[PDB]
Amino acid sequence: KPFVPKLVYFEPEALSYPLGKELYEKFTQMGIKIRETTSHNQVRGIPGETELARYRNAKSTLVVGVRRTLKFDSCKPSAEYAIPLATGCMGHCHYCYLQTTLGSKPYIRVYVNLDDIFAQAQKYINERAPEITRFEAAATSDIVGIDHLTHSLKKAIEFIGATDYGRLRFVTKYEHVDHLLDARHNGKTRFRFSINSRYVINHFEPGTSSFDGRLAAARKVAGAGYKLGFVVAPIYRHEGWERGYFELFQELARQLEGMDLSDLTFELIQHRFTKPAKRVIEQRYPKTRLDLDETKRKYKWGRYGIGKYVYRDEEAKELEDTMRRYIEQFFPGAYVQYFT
């Protein structure tokens, strides 16, 4: 049930680092097919005759490379920066925004040069101290879902835990958190889970852990002293969404009752999609119920890239107000960090 790749690519340079060496040893011992690639951003020969086949097979492919981009991207409103530990995901969420993100790849990538990466993170922290600098580790991947293979996130958690002015956060749809429970987080990591209505999870989130699985994991990480949070996203106006999301927060409260929820956080993100979304999603998920009708949406223009469709202002406000009402009803004193 925890993710294991069926095909693994290595950059030759990756073997020079401890994680690369360790993964090569692990995967050869398991007898898994291993290939070489010059760059992790140009992987050749992933099997499949159709686009759909190559896409599905890429989602079962792990690529082990070196992070050569010095700059960390900003990650507002979640955090100051995205810390780059991995890219890609084994999940098959129909709506996933990563599908149409510039330069995104369908395969799962992990970076081995953690010394370089954490040193750069410390540099950003130093540049802003004594202000707090937050790092998002799950901006372009499900870092938690991959981590049982690498422990890169566990190392990041403990790196940030040792800093004075650094904070870490990440969000997951996976329950495989056991190895992270004894990590020395030192109160400086916010462990979040993506949750949604029964409609959205059942119809649009195949290849992820169940709602009960995500909540079991949430109880574990809270019990281990992590700061707990939830990301309600994508907020999607399906038939009967009002009651659907009411029952989400009601069930969420029942599954967390007894626990201290004085520092619990919520983040709210409405469903958004880009212009190329329809063609990409229809090819990859032919039977999807996902509504990508742009005529009923408002378009936000891009800045340096292309923009995105979101719900019209009045629909978005309706969503925000309704979610805020439910959170106030079932989780008094929980902080809503933002709606976007």
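When you see a residue number, it is the position in the sequence shown, counting from 1.
- Checked against the record, the higher mean CA B factor of 268-276 and 290-298 lies with 290-298.
- Here 162-170 and 232-240 are compared by their mean Cα B-factor, and 162-170 comes out higher.
- Across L256, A82, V112, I143, the entry's maximum B-factor at the CA atom is seen for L256.
- Take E127, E136, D147, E205 and read off each C-alpha B-factor from the entry; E127 has the highest.
- In the deposited entry, the Cα temperature factor of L102 sits in the top third of values across the chain's modelled residues.
- In the PDB entry, a CA B factor belonging to the lowest third of its chain's modelled residues is recorded for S194.
- Among all modelled residues in this chain, the alpha-carbon of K71 has a temperature factor (C-alpha) in the highest third.
- Annotation for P47: C-alpha temperature factor in the highest third relative to the rest of the modelled chain, per the entry.
- Per the deposited record, the Cα B-factor of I34 falls in the middle third when ranked against the other modelled residues of its chain.
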